[PDB]
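Next up: just one chain, as structure tokens, the form deposited in one PDB entry.
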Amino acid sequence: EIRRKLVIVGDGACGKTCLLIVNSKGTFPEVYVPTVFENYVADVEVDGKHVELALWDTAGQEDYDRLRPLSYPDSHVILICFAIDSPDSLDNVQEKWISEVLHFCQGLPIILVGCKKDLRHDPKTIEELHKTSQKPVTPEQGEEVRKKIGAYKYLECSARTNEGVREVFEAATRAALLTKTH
């Protein structure tokens, strides 16, 4: 039995829990419950190998800054997430999340994950951001941040539509199988 540990971090409401549950359970949560700390598990098949990937969900809320790092030890891959309909959430990837991850997870592969990809072209979302002179995050913007934080890959996904959800955890599992070779 091959076992690896994934930890997902990023701003509150950036869409971490919905990504984990859609990958592992296969249904979008009908109701929104802010996370404190939860652990899931998913069978991931990449390159003929079956990996039991432990999904360590964390609190994006800054009120839970203190106890969040208890999730990090013995991690094999880190997903730092942001919401594509929130440029501010991509800022916090650089301003908060990379500093924390690097304090506790020296030498790990990081996948930068743009969540809520379905909201980029959402006419409702575009109109609402345009009111505050904001635009949804572009793939080029995520690509530059990926490069600046030294993230291995940048992947865009939508838990809502299940677009690019599998590609996130397949890349994460491959990365985790390199981090530890036993």
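By rigid core we mean the largest C-alpha set that fits within 1.5 Å across both forms. Numbering starts at 1 and runs along the sequence shown. Shifts are known only where both forms have a C-alpha.
Unshown form deposited in another entry; subsequent notes refer to it.
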Looking at 144, 52, 65, 47 between the shown form and the other one with the core superposed, the single C-alpha displaced by 2 Å or more is at 65
ask   = Any CA movement of 2 Å or more for residue 38 between the shown form and the other one, core superposed?
value = yes
The CA atoms of residue 93 and residue 34 move 3 Å or more in the other entry, ending up farther
Under comparison with the form shown, the C-alpha atoms of residue 36 and residue 118 in the other entry shift by 3 angstroms or more, placing them closer
Core-referenced diff between the shown form and the other one: runs of three or more consecutive residues, each Cα shifted 2 Å or more, sit at 31-38, 60-65
